[PDB]
Amino acid sequence: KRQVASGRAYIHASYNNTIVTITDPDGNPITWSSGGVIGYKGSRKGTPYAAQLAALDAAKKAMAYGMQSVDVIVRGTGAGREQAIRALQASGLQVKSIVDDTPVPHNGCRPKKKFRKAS
Amino acid sequence: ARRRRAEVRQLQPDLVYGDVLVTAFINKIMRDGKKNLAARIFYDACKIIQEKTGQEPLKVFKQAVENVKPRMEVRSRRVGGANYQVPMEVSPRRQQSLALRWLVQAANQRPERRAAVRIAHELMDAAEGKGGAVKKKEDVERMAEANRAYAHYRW
Amino acid sequence: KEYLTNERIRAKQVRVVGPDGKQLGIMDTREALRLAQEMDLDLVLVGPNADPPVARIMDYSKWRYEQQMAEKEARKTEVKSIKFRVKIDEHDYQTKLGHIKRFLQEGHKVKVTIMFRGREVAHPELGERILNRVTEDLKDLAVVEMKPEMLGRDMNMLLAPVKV
Amino acid sequence: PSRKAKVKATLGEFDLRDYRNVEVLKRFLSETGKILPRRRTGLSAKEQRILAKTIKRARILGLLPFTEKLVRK
RNA sequence: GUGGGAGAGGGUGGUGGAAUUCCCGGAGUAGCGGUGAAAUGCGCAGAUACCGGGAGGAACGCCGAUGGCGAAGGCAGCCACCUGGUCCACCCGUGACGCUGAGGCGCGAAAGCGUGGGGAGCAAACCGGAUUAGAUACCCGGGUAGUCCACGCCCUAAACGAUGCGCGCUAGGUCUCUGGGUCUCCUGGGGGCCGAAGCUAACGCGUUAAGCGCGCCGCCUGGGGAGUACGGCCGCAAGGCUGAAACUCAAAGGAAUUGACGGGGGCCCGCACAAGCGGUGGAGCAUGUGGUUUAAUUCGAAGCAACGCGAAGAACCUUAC
RNA sequence: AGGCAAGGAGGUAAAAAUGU
RNA sequence: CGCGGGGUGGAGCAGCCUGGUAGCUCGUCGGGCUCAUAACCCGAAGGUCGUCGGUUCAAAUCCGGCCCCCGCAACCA
Ligand SMILES: [Mg+2]
């Protein structure tokens with residue numbers, strides 16, 4: 001319904017699901033695909049093959065909206081972000097440059113009890 | 001078992017074709033220790049094949065073998081507390097063995113009277129692209145690329 | 001509890017049950033599918049191996065959700081269990097009683113199991129005496145269902161609430 | 001373990017306490033807005049500390065990137 | 001004293017982005033979140049993820065260290081201020097002015113509690129859901145006190161180098177910082193690591209000693225009773241300090257040493273698993289066993305390693321009953 | 001491209017109670 | 001009896017609600033883990049859905065009778 005040709009890919013990479021959101025040169029997204037879109041409702045939700053599949057799905061979706069040029073933003077390290085990256089590279093997609101941006105706080109609030117003991 | 005890579009076995013080649021594959025197949029066919037009965041059966045099957053699909057009865061066999069082969073096969077490992085199916089590659093030798101086994105299995109779960117007949121039909125099927133062994137191979141293949149979820153454990 | 005959905009019936013004469021209770025009669029698969037499409041629903045095969053195969057025009061996902069909920073609620077509404085002994089004393093007994101009471105209040109069935117070993121001679125007797133006393137104590141919020149059941153070396157008492 | 005591009009030695013003579021010069025300290029912030037350590041910088045403890053202070057000042061100003069983004073991977 | 005020098009030392013006044021969450025605007029859709037697995041949980045009044053803006057509140061990633069400061073608790077964005085101690089060089093001044101410290105005053109993490117503010121995250125109590133035989137727990141989702149600031153208390157501690165402070169002396173080496181130097185190497189002052197002597201119950205320590213001394217204080221006098229009871233004192237209260245007995249037992253304790261074990265780490269092995277064929281387990285029977293029964297079912301064998309075993313020959317005999 | 005590494009990762013993450 | 005909700009493996013229920021599919025938890029039975037027990041693991045035995053019918057091709061289920069039971073109603077006299 002929309003279209004833009006140039007743009008970004010965002011990979012939020014958590015434990016439980018490797019989420020891929022694909023977006024325009026401004027910042028408003030076109031489509032997003034997850035492990036739970038193509039099955040995978042569980043622990044295997046957060047799994048490298050699953051992530052790869054999700055990425056592929058996202059790419060396909062992008063291709064339907066007439067999308068060519070893609071810049072890569074990895075946000076974090078969930079289990080298969082590398083796999084996802086590889087998939088993206090593969091898809092016959094105009095894969096530009098690879099960029100890693102962490103939402104690591106510059107020591108902010110003391111987190112939950114599963115990031116605790118790691119101080 | 002943790003020492004040696006332990007040897008893949010040597011077979012004395014065939015007494016009609018001069019091919020170790022054939023001998024292996026015969027051995028596989030052989031339950032209860034009667035090669036000198038099962039080899040006759042194999043010969044009969046070959047003859048039947050020759051009669052029906054006007055092909056070389058060695059060539060047909062080879063074709064069947066080629067058809068029944070899996071490239072990504074599935075295995076069993078307990079990781080995380082729970083057992084997950086692990087899909088990975090097959091060594092050529094091992095793959096061949098597997099194929100042979102599956103052909104054998106197909107032969108024993110076919111319909112007709114004399115075993116020779118069943119074996120012949122199975123061979124024909126394999127040559128074509130369908131059958132029981134072929135079906136099993138396909139199933140195996142499907143089991144991989146669907147459970148490739150846990151294919152981050154190459155072992 | 002699993003059946004084949006949408007175009008997935010491998011038949012060329014599927015009998016169409018509508019969304020109300022009707023028997024619409026003996027129809028095609030394609031026609032059934034079209035009917036399903038018309039109501040914004042899907043086609044479920046509820047009795048697959050007969051003469052004319054069964055096409056029920058229902059909502060599948062919702063049905064399955066309902067089924068899953070049913071399966072859940074039934075098991076978890078629960079049986080909660082306490083394991084005593086032959087030789088039981090006072091404070092411990094009181095504690096156990098309290099626990100049982102708490103469980104009852106929660107809204108769950110109570111089960112009193114005893115673990116036996118050492119001369120099956122006056123094992124049923126003491127077991128009965130203690131268990132019956134327990135029952136007597138909690139004949140305010142709990143009642144008796146399966147009376148003292150020593151079945152070899154497996155004694156079990158089942159206790160159900162007064163106001164669930 | 002860092003052993004080919006000793007970041008102290010390659011860049012010549014200068015002052016540590018000059019924060020308006022950004023290309024001089026561009027050596028010292030790594031790929032991200034992260035400082036290089038003693039195994040990478042090749043500075044005296046005291047000297048290193050001074051450098052860090054300077055970098056912090058620069059960050060507060062703006063000149064040197066506060067948090068950058070890791071290109072290539 | 002002059003002359004420097006390092007420092008997250010301490011307080012006061014700011015302010016810097018990353019992050020979080022909140023709230024809008026966008027665009028977007030069916031799940032997200034979670035986990036050993038899941039469920040609660042939130043999401044079609046459109047969540048999550050994604051960009052734009054702010055609203056807040058905390059804490060400050062890297063540098064960062066095994067480092068530095070402080071008496072100790074402790075202390076880290078960064079600046080500014082006020083301000084501690086310290087260390088050196090000069091040996092310039094004073095001329096034994098020192099060292100300790102019963103009491104006392106003073107500080108004194110974190111929690112608590114009072115009063116008011118703030119309130120994002122976290123998060124006792126508390127409610128959930130799972131785990132479970134039971135779960136008041138670990139796992140997961142909320143969530144209030146509280147964390148934060150201010151005043152005022154409290155004042156305990158693995159307040160620990162489990163090592164009081166002061167000085168002197170007694171082999172080195174090595175790294176670490178920090179100063180002075182005639183600056184490939186000295187010299188001082190810290191912080192570690194390895195060790196001469198020596199000590200010590202050893203482990204260890206070993207110019208930062210637990211060595212060898214002296215000085216002065218603190219406390220020890222078996223464990224448990226018990227940091228309790230009584231009193232006294234302090235505290236708004238929690239409690240704290242101070243500190244017994246009666247009784248009661250022949251051990252309480254430490255170091256190591258063998259071994260034993262470990263749901264400790266490495267390396268190996270075995271038909272141990274895997275890979276493979278085919279059985280037992282199911283059918284019937286053949287046995288032997290348990291069990292019962294019975295006049296007697298002779299006796300023993302007990303997880304592997306008892307169970308087609310002693311029995312490699314029970315009609316009598318055997319043969320014990 | 002390797003020789004040995006120096007680091008950031010997420011897989012190990014089954015739960016296991018006693019004595020006739 | 002007046003009205004409504006249901007009777008399901010030995011006991012409690014999921015299915016009834018969309019007509020085909022009756023499962024699970026506990027109890028009995030046996031083995032195995034084990035040094036033994038607990039749990040555990042795996043099964044065996046155990047219902048035709050109170051039940052008679054009808055509807056329906058297939059009834060647990062839609063529906064009616066009856067048993068009933070429960071809950072209520074036994075009120076103004
Ligand atoms: Mg048992």
# chains A, B, ... in the order shown; residues from 1 in each chain; ligands from 1
>>> residues_near_ligand(ligand="ligand 1", cutoff="12 Å", atoms="only C-alpha atoms (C1' of nucleotides) and all ligand atoms", output="PDB file with C-alpha atoms (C1' of nucleotides), in the first residue's frame")
ATOM      1  CA  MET C 115       4.396 -44.414  53.177  1.00  0.00           C
ATOM      2  CA  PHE C 116       4.880 -47.797  54.920  1.00  0.00           C
ATOM      3  CA  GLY C 152      -1.132 -54.296  50.053  1.00  0.00           C
ATOM      4  CA  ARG C 153       1.396 -51.623  51.018  1.00  0.00           C
ATOM      5  CA  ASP C 154      -0.541 -48.694  49.401  1.00  0.00           C
TER       6      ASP C 154
ATOM      7  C1'   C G  29      -2.965 -54.842  38.807  1.00  0.00           C
ATOM      8  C1'   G G  30       2.211 -55.900  37.451  1.00  0.00           C
ATOM      9  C1'   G G  31       6.966 -54.876  36.279  1.00  0.00           C
ATOM     10  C1'   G G  32      11.162 -51.544  36.150  1.00  0.00           C
ATOM     11  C1'   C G  33      14.743 -46.921  38.554  1.00  0.00           C
ATOM     12  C1'   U G  34      16.573 -48.549  43.177  1.00  0.00           C
ATOM     13  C1'   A G  36      14.954 -50.271  49.558  1.00  0.00           C
ATOM     14  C1'   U G  37      10.916 -46.923  49.488  1.00  0.00           C
ATOM     15  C1'   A G  38       8.954 -42.665  47.503  1.00  0.00           C
ATOM     16  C1'   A G  39       8.225 -40.230  43.405  1.00  0.00           C
ATOM     17  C1'   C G  40       9.230 -41.732  38.933  1.00  0.00           C
ATOM     18  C1'   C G  41       8.488 -44.591  34.031  1.00  0.00           C
ATOM     19  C1'   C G  42       5.549 -47.659  31.244  1.00  0.00           C
TER      20        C G  42
END
>>> residues_around(residues="residue A:95", least_positions_apart="6", cutoff="10 Å", atoms="only C-alpha atoms (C1' of nucleotides)", output="MDAnalysis selection string")
chainID A and resid 8:9 68:72 85 88:89
>>> atom_distance(atom1="atom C1' of residue E:237", atom2="atom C1' of residue E:118")
26.0 Å
>>> atom_distance(atom1="atom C1' of residue F:10", atom2="atom CA of residue D:70")
20.9 Å
>>> interface_residues(of="chain C", to="chain E", cutoff="8 Å", atoms="only C-alpha atoms (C1' of nucleotides)", output="PyMOL selection string")
chain C and resi 81-83
>>> closest_atom_pairs(of="chain B", to="chain E", cutoff="8 Å", atoms="only C-alpha atoms (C1' of nucleotides)", output="tab-separated table")
residue	atom	partner	partner_atom	distance
B:2	CA	E:269	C1'	7.8
B:80	CA	E:36	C1'	6.2
B:81	CA	E:36	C1'	6.2
>>> write_last_selection(atoms="N, CA, C and O atoms", output="PDB file, in the first residue's frame")
ATOM      1  N   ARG B   2      36.570 -45.594  21.407  1.00  0.00           N
ATOM      2  CA  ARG B   2      37.095 -44.232  21.477  1.00  0.00           C
ATOM      3  C   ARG B   2      38.558 -44.214  21.007  1.00  0.00           C
ATOM      4  O   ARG B   2      39.161 -43.143  20.861  1.00  0.00           O
ATOM      5  N   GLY B  80      19.599 -30.203  27.008  1.00  0.00           N
ATOM      6  CA  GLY B  80      18.755 -29.314  27.823  1.00  0.00           C
ATOM      7  C   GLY B  80      17.847 -30.018  28.821  1.00  0.00           C
ATOM      8  O   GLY B  80      17.045 -29.368  29.508  1.00  0.00           O
ATOM      9  N   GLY B  81      17.981 -31.343  28.907  1.00  0.00           N
ATOM     10  CA  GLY B  81      17.062 -32.191  29.669  1.00  0.00           C
ATOM     11  C   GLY B  81      16.173 -33.022  28.759  1.00  0.00           C
ATOM     12  O   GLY B  81      15.848 -34.174  29.079  1.00  0.00           O
TER      13      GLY B  81
END
